[PDB]
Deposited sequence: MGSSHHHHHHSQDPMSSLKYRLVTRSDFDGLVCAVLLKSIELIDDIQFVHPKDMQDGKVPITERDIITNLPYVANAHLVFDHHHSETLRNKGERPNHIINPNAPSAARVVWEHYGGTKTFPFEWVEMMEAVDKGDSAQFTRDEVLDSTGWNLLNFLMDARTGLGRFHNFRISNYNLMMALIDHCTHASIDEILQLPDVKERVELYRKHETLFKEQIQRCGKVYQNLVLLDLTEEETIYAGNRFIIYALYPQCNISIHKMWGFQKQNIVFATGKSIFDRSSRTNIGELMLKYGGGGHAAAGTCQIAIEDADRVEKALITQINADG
């Protein structure tokens, strides 16, 4: 009879964790929190709490992490939960594809992220960074959809899940926007050797699309720059990222962005440039990135 409250991050790893713990009748409550709120001590944690994918708290019932049951060679916290409770000894065979999807450190194929299907599609359309929620108010909120998906994934297949009204509404918008985003990219993307530059600053609309589309469409580039309007078109934002499909870029992006008052880490960064300087800085970025290879 005794059940626990899941405390986790609002992401695909957290959804899958909740699906697994709910399926074995182990949780009856869930609470999505920000990692730094956990680190700062704003989330009260009791011995009736299960924590996944968050920093360790001593008085919790169980803590699953992957960066107290920890496997740092597991690609996700869900995988730790999976293997800890038996895997397919405990869970339906159909969920191996769920586990495959949650485990993707970004080990996707280019094909997988173009016109995505199954669990990958569910993952991308729920991810805040895909931007579905920026671009539309749906029938119900993404928070309330995540909540409802937990129990429905316990007794429905992925193809049925994708047919649910509140999901299929998001699927249709995701499909429409992806098509328009890809034609936008074909109109606005310019290749410079190893770098694809996507100049959006002359487009009326930007479209939602998952964050791997641009890399999948230029498999010969190992780095991208998005050139975009900043807030209320007051300045120009350059966002630079390395390709998950060609990981060979020698640019340290964080250090490069630093020269222009921005930041980031080795594989991703941004900077913000005044309008009268943006052409000069674009040429300089391109020159430097081409020199790096």
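**Q** Pop the missing stretches of the deposited sequence into a list, counting residues from 1 and keeping sequence order.
**A** Coordinates drop out over 1 to 16, 84 to 96, 134 to 135.
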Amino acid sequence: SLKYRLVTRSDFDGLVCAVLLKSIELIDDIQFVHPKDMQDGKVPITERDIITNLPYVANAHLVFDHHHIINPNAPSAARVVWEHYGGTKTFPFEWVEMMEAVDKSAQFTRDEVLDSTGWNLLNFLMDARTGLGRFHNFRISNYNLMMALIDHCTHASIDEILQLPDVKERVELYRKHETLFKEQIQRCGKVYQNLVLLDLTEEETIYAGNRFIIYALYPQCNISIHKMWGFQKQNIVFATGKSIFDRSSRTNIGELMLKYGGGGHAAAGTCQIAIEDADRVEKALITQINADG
From here on, numbers count along this sequence of modelled residues.
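**Q** Higher mean Cα B-factor in the deposited model: 264 to 272 or 34 to 42?
**A** The deposited B-factors put 34 to 42 ahead on the C-alpha mean.
**Q** Comparing 50 to 58 with 238 to 246, which has the greater mean CA B-factor as deposited?
**A** That would be 50 to 58.
**Q** Per the entry, which of 200, 74, 122, 195 tops the list for Cα B factor?
**A** Among 200, 74, 122, 195, the highest C-alpha B-factor in the entry belongs to 74.
**Q** Which is it among 151, 166, 172, 183: the one with the largest CA B-factor in the entry?
**A** That would be 151.
**Q** Rank-wise, by C-alpha B-factor, drop residue 222 into the lowest, middle or highest third of its chain.
**A** Residue 222: CA B-factor falls in the lowest third of its chain.
**Q** Classify residue 17 as lowest, middle or highest third according to the C-alpha B-factor given in the PDB entry, relative to its own chain.
**A** Middle third - that is where residue 17 ends up once the chain's C-alpha B-factors are sorted.
**Q** Which third, lowest, middle or highest, does the C-alpha temperature factor of residue 253 belong to within its own chain?
**A** According to the entry, residue 253 has a C-alpha B-factor in the chain's lowest third.
**Q** Going by the entry, which third of its chain does the Cα temperature factor of residue 189 land in?
**A** Within its chain, residue 189 is a middle-third residue by C-alpha B-factor, going by the deposited values.
**Q** Ordered by C-alpha B-factor within the chain, which third holds residue 290? Give me lowest, middle or highest, please.
**A** It belongs to the middle third of the chain when residues are ordered by C-alpha B-factor.
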